[PDB]
Amino acid sequence: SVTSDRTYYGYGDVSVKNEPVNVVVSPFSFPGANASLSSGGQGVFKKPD
Amino acid sequence: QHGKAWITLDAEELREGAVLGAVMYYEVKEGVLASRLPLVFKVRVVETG
Amino acid sequence: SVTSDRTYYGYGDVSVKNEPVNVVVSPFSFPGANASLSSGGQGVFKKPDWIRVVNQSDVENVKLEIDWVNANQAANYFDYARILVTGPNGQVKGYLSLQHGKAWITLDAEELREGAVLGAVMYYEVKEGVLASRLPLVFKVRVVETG
Ligand SMILES: [Ca+2]
Ligand SMILES: [Ca+2]
Ligand SMILES: [Ca+2]
Ligand SMILES: [Ca+2]
Ligand SMILES: [Ca+2]
């Protein structure tokens, strides 16, 4: 007696939470400790991490 | 569409007990849901002898 | 005998109470204590805990637009001033100066779920000979998009 509207459903959800990367900074204080940078000087400074 | 039948039985078919079974080929219209639908057939004895 | 008007009802309510974020400010008095800022001097000033962003239990993604409004006034006092917004857990997501005035620091589900502190690191050189007291520095925090 009923004319069914033939439509059933399925569903799902997608969760995009974080950003791809975290650029953790540990800044450099390049004259350093137990060192010295003078005017006109020339050299190299290294920070591994 | 074609609504009338004219089944006729003769002296051999009656003298053994005439059963008339039904075989129904059906396709239900799309999505229709019913319960206890009636089917009524009128049996007229037109000519006996 | 009655011809029923066949309509029944269901209902519900949605409660949106709070705003997504609380930008707790603890302002900085940068000449500090037991320190000294002189005219023409050059240096650095650091405040580890300056803007604490406190979220509610649902908010996970926040996009903050930090904006420096009185920079054109401080241009008459400073020669270069560079503010680094020391972000959530070591990241530095924001950099403001007298010229480039807008930042777009954005926090996601890991940075909020641990308590987001935004410190300030300021690199400054005071214009030659200028002597002031209690100069204001005001930054507009706009929450542009939350989720
Ligand atoms: Ca992150
Ligand atoms: Ca007859
Ligand atoms: Ca007879
Ligand atoms: Ca609030
Ligand atoms: Ca939104």
# chains A, B, ... in the order shown; residues from 1 in each chain; ligands from 1
>>> residues_near_ligand(ligand="ligand 2", cutoff="6 Å", atoms="only C-alpha atoms and all ligand atoms", output="list in words")
residues 47, 48 and 49 of chain B
>>> residues_around(residues="residue C:97", least_positions_apart="3", cutoff="9 Å", atoms="only C-alpha atoms", output="list in words")
residues 68, 71, 80, 81, 82, 83, 100, 101 and 102 of chain C
>>> select_by_dssp(residues="stretch 39-105 of chain C", states="strand (DSSP E or B)", output="VMD selection string")
chain C and resid 42 to 55 62 to 68 78 to 86 92 to 97 102 to 103
>>> write_last_selection(atoms="N, CA and C atoms", output="mmCIF file, in the first residue's frame")
data_model
loop_
_atom_site.group_PDB
_atom_site.id
_atom_site.type_symbol
_atom_site.label_atom_id
_atom_site.label_comp_id
_atom_site.auth_asym_id
_atom_site.auth_seq_id
_atom_site.Cartn_x
_atom_site.Cartn_y
_atom_site.Cartn_z
ATOM 1 N N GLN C 42 71.114 49.305 22.705
ATOM 2 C CA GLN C 42 70.735 48.207 21.831
ATOM 3 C C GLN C 42 70.760 46.914 22.629
ATOM 4 N N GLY C 43 69.778 46.048 22.388
ATOM 5 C CA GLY C 43 69.754 44.820 23.162
ATOM 6 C C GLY C 43 68.664 43.817 22.859
ATOM 7 N N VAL C 44 68.217 43.102 23.892
ATOM 8 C CA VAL C 44 67.149 42.115 23.773
ATOM 9 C C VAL C 44 66.375 42.078 25.081
ATOM 10 N N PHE C 45 65.073 41.829 24.979
ATOM 11 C CA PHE C 45 64.205 41.698 26.137
ATOM 12 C C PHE C 45 63.322 40.473 25.972
ATOM 13 N N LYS C 46 63.218 39.672 27.023
ATOM 14 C CA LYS C 46 62.516 38.404 26.900
ATOM 15 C C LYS C 46 61.485 38.258 28.002
ATOM 16 N N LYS C 47 60.285 37.831 27.624
ATOM 17 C CA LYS C 47 59.230 37.510 28.571
ATOM 18 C C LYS C 47 58.696 36.140 28.186
ATOM 19 N N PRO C 48 58.846 35.135 29.022
ATOM 20 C CA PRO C 48 58.455 33.780 28.618
ATOM 21 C C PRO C 48 56.952 33.572 28.549
ATOM 22 N N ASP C 49 56.205 34.231 29.426
ATOM 23 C CA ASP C 49 54.768 34.016 29.569
ATOM 24 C C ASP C 49 54.059 35.353 29.406
ATOM 25 N N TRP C 50 53.588 35.638 28.200
ATOM 26 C CA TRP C 50 52.995 36.933 27.907
ATOM 27 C C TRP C 50 51.538 36.830 27.494
ATOM 28 N N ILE C 51 51.219 36.023 26.491
ATOM 29 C CA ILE C 51 49.836 35.793 26.096
ATOM 30 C C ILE C 51 49.549 34.313 26.258
ATOM 31 N N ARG C 52 48.721 33.976 27.228
ATOM 32 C CA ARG C 52 48.318 32.600 27.439
ATOM 33 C C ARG C 52 46.984 32.399 26.742
ATOM 34 N N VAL C 53 46.935 31.452 25.823
ATOM 35 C CA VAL C 53 45.717 31.144 25.096
ATOM 36 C C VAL C 53 45.071 29.949 25.775
ATOM 37 N N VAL C 54 43.900 30.160 26.365
ATOM 38 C CA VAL C 54 43.162 29.104 27.043
ATOM 39 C C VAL C 54 41.931 28.775 26.213
ATOM 40 N N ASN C 55 41.800 27.514 25.826
ATOM 41 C CA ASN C 55 40.710 27.050 24.987
ATOM 42 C C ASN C 55 39.690 26.281 25.816
ATOM 43 N N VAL C 62 42.920 26.831 15.983
ATOM 44 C CA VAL C 62 42.742 28.264 16.199
ATOM 45 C C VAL C 62 43.689 29.022 15.282
ATOM 46 N N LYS C 63 43.182 30.055 14.614
ATOM 47 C CA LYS C 63 44.007 30.931 13.794
ATOM 48 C C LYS C 63 43.901 32.350 14.332
ATOM 49 N N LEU C 64 44.993 32.845 14.900
ATOM 50 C CA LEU C 64 45.038 34.150 15.536
ATOM 51 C C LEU C 64 45.754 35.122 14.617
ATOM 52 N N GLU C 65 45.197 36.308 14.465
ATOM 53 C CA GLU C 65 45.855 37.374 13.725
ATOM 54 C C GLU C 65 46.308 38.425 14.726
ATOM 55 N N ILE C 66 47.610 38.500 14.953
ATOM 56 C CA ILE C 66 48.185 39.484 15.859
ATOM 57 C C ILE C 66 48.576 40.699 15.035
ATOM 58 N N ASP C 67 48.247 41.882 15.537
ATOM 59 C CA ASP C 67 48.403 43.104 14.769
ATOM 60 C C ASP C 67 48.912 44.206 15.682
ATOM 61 N N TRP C 68 49.904 44.954 15.216
ATOM 62 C CA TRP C 68 50.487 46.044 15.989
ATOM 63 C C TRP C 68 49.950 47.373 15.463
ATOM 64 N N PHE C 78 61.838 54.170 18.249
ATOM 65 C CA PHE C 78 62.757 53.074 17.997
ATOM 66 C C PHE C 78 63.305 53.145 16.580
ATOM 67 N N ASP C 79 64.484 52.563 16.394
ATOM 68 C CA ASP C 79 65.084 52.498 15.070
ATOM 69 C C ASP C 79 64.918 51.128 14.434
ATOM 70 N N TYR C 80 65.016 50.066 15.223
ATOM 71 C CA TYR C 80 64.538 48.759 14.801
ATOM 72 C C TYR C 80 64.037 48.034 16.038
ATOM 73 N N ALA C 81 62.876 47.402 15.897
ATOM 74 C CA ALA C 81 62.259 46.626 16.960
ATOM 75 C C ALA C 81 61.613 45.402 16.340
ATOM 76 N N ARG C 82 62.006 44.226 16.817
ATOM 77 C CA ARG C 82 61.604 42.957 16.222
ATOM 78 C C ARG C 82 61.043 42.067 17.315
ATOM 79 N N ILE C 83 59.751 41.783 17.234
ATOM 80 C CA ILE C 83 59.045 40.993 18.230
ATOM 81 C C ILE C 83 58.863 39.596 17.669
ATOM 82 N N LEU C 84 59.383 38.606 18.379
ATOM 83 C CA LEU C 84 59.228 37.204 18.037
ATOM 84 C C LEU C 84 58.295 36.591 19.063
ATOM 85 N N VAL C 85 57.148 36.106 18.598
ATOM 86 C CA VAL C 85 56.151 35.496 19.462
ATOM 87 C C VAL C 85 56.577 34.049 19.669
ATOM 88 N N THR C 86 57.261 33.803 20.773
ATOM 89 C CA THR C 86 57.735 32.469 21.104
ATOM 90 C C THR C 86 56.519 31.590 21.341
ATOM 91 N N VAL C 92 58.511 29.216 16.934
ATOM 92 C CA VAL C 92 58.332 30.656 16.870
ATOM 93 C C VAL C 92 57.466 30.919 15.647
ATOM 94 N N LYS C 93 56.185 31.194 15.862
ATOM 95 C CA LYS C 93 55.243 31.311 14.761
ATOM 96 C C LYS C 93 54.918 32.747 14.384
ATOM 97 N N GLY C 94 55.509 33.732 15.040
ATOM 98 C CA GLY C 94 55.151 35.092 14.714
ATOM 99 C C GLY C 94 56.283 36.083 14.816
ATOM 100 N N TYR C 95 56.297 37.050 13.908
ATOM 101 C CA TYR C 95 57.372 38.029 13.835
ATOM 102 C C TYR C 95 56.766 39.346 13.390
ATOM 103 N N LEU C 96 56.842 40.348 14.250
ATOM 104 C CA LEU C 96 56.303 41.667 13.968
ATOM 105 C C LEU C 96 57.429 42.679 14.012
ATOM 106 N N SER C 97 57.330 43.701 13.174
ATOM 107 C CA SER C 97 58.285 44.789 13.206
ATOM 108 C C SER C 97 57.561 46.076 12.862
ATOM 109 N N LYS C 102 51.767 42.410 10.597
ATOM 110 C CA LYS C 102 50.763 41.384 10.839
ATOM 111 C C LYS C 102 51.412 40.029 11.044
ATOM 112 N N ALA C 103 50.891 39.281 12.006
ATOM 113 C CA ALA C 103 51.280 37.902 12.229
ATOM 114 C C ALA C 103 50.046 37.030 12.068
#
>>> interface_residues(of="chain C", to="chain A", cutoff="7 Å", atoms="only C-alpha atoms", output="PyMOL selection string")
chain C and resi 90-91+108-110
>>> write_last_selection(atoms="C-alpha atoms", output="PDB file, in the first residue's frame")
ATOM      1  CA  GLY C  90      59.645  26.124  21.252  1.00  0.00           C
ATOM      2  CA  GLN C  91      58.266  26.994  17.832  1.00  0.00           C
ATOM      3  CA  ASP C 108      46.520  22.921  16.255  1.00  0.00           C
ATOM      4  CA  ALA C 109      45.376  19.957  18.308  1.00  0.00           C
ATOM      5  CA  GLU C 110      48.729  19.171  19.903  1.00  0.00           C
TER       6      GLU C 110
END
>>> residues_near_ligand(ligand="ligand 4", cutoff="8 Å", atoms="only C-alpha atoms and all ligand atoms", output="count of residues only")
5
>>> select_by_dssp(residues="stretch 72-145 of chain C", states="helix (DSSP H, G or I)", output="count of residues only")
7
>>> closest_atom_pairs(of="chain B", to="chain A", cutoff="10 Å", atoms="only C-alpha atoms", output="JSON lines")
{"residue": "B:29", "atom": "CA", "partner": "A:3", "partner_atom": "CA", "distance": 8.9}
{"residue": "B:30", "atom": "CA", "partner": "A:3", "partner_atom": "CA", "distance": 7.6}
{"residue": "B:31", "atom": "CA", "partner": "A:4", "partner_atom": "CA", "distance": 4.7}
{"residue": "B:32", "atom": "CA", "partner": "A:3", "partner_atom": "CA", "distance": 4.5}
{"residue": "B:33", "atom": "CA", "partner": "A:2", "partner_atom": "CA", "distance": 5.0}
{"residue": "B:34", "atom": "CA", "partner": "A:1", "partner_atom": "CA", "distance": 4.3}
{"residue": "B:35", "atom": "CA", "partner": "A:1", "partner_atom": "CA", "distance": 7.4}
{"residue": "B:37", "atom": "CA", "partner": "A:1", "partner_atom": "CA", "distance": 9.0}
>>> write_last_selection(atoms="C-alpha atoms", output="compact mmCIF listing (two decimals), in the first residue's frame")
# COMPACT_ATOMS: atom_id res chain seq x y z
CA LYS B 29 5.85 -2.62 -8.86
CA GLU B 30 8.87 -0.69 -7.70
CA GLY B 31 8.78 -0.08 -3.96
CA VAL B 32 5.21 -1.07 -3.16
CA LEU B 33 4.58 -2.50 0.30
CA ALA B 34 1.17 -4.00 1.06
CA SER B 35 -0.46 -6.60 3.28
CA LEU B 37 -4.19 -7.89 -0.83
>>> closest_atom_pairs(of="chain C", to="ligand 5", cutoff="6 Å", atoms="only C-alpha atoms and all ligand atoms", output="CSV")
residue,atom,partner,partner_atom_place_in_ligand_line,distance
C:145,CA,ligand 5,1 (Ca),5.4
C:146,CA,ligand 5,1 (Ca),4.6
C:147,CA,ligand 5,1 (Ca),4.5
>>> write_last_selection(atoms="N, CA, C and O atoms", output="PDB file, in the first residue's frame")
ATOM      1  N   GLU C 145      39.669  32.277  12.570  1.00  0.00           N
ATOM      2  CA  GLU C 145      38.992  31.067  12.224  1.00  0.00           C
ATOM      3  C   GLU C 145      39.237  30.017  13.254  1.00  0.00           C
ATOM      4  O   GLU C 145      40.375  29.661  13.518  1.00  0.00           O
ATOM      5  N   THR C 146      38.190  29.523  13.869  1.00  0.00           N
ATOM      6  CA  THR C 146      38.390  28.427  14.788  1.00  0.00           C
ATOM      7  C   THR C 146      37.601  27.217  14.337  1.00  0.00           C
ATOM      8  O   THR C 146      36.714  27.322  13.494  1.00  0.00           O
ATOM      9  N   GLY C 147      37.927  26.060  14.883  1.00  0.00           N
ATOM     10  CA  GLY C 147      37.263  24.845  14.463  1.00  0.00           C
ATOM     11  C   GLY C 147      37.211  23.800  15.551  1.00  0.00           C
ATOM     12  O   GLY C 147      36.786  22.670  15.362  1.00  0.00           O
TER      13      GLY C 147
END
>>> atom_distance(atom1="atom CA of residue B:45", atom2="atom CA of residue B:13")
16.1 Å
>>> closest_residue(among="C:29, C:38, C:24, C:69", to="residue C:140", atoms="only C-alpha atoms")
C:69
>>> residues_around(residues="residue A:45", least_positions_apart="3", cutoff="9 Å", atoms="only C-alpha atoms", output="PDB file with C-alpha atoms, in the first residue's frame")
ATOM      1  CA  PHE A  30      77.123  32.981  18.105  1.00  0.00           C
ATOM      2  CA  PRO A  31      79.843  34.934  19.949  1.00  0.00           C
ATOM      3  CA  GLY A  32      79.222  31.972  22.186  1.00  0.00           C
TER       4      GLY A  32
END
>>> residues_around(residues="residue C:129", least_positions_apart="5", cutoff="10 Å", atoms="only C-alpha atoms", output="MDAnalysis selection string")
chainID C and resid 38:41 77
>>> write_last_selection(atoms="N, CA and C atoms", output="PDB file, in the first residue's frame")
ATOM      1  N   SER C  38      69.012  52.513  28.401  1.00  0.00           N
ATOM      2  CA  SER C  38      69.581  53.831  28.196  1.00  0.00           C
ATOM      3  C   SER C  38      69.256  54.323  26.795  1.00  0.00           C
ATOM      4  N   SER C  39      69.423  55.624  26.599  1.00  0.00           N
ATOM      5  CA  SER C  39      69.158  56.222  25.303  1.00  0.00           C
ATOM      6  C   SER C  39      70.195  55.761  24.292  1.00  0.00           C
ATOM      7  N   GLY C  40      69.736  55.448  23.087  1.00  0.00           N
ATOM      8  CA  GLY C  40      70.616  54.918  22.071  1.00  0.00           C
ATOM      9  C   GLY C  40      71.063  53.494  22.287  1.00  0.00           C
ATOM     10  N   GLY C  41      70.643  52.850  23.369  1.00  0.00           N
ATOM     11  CA  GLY C  41      71.085  51.505  23.649  1.00  0.00           C
ATOM     12  C   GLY C  41      70.505  50.484  22.696  1.00  0.00           C
ATOM     13  N   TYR C  77      60.283  56.562  18.074  1.00  0.00           N
ATOM     14  CA  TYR C  77      61.107  56.282  19.241  1.00  0.00           C
ATOM     15  C   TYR C  77      62.160  55.216  18.998  1.00  0.00           C
TER      16      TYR C  77
END
>>> atom_distance(atom1="atom CA of residue C:70", atom2="atom CA of residue C:135")
10.5 Å
>>> atom_distance(atom1="atom CA of residue C:10", atom2="atom CA of residue A:8")
21.5 Å
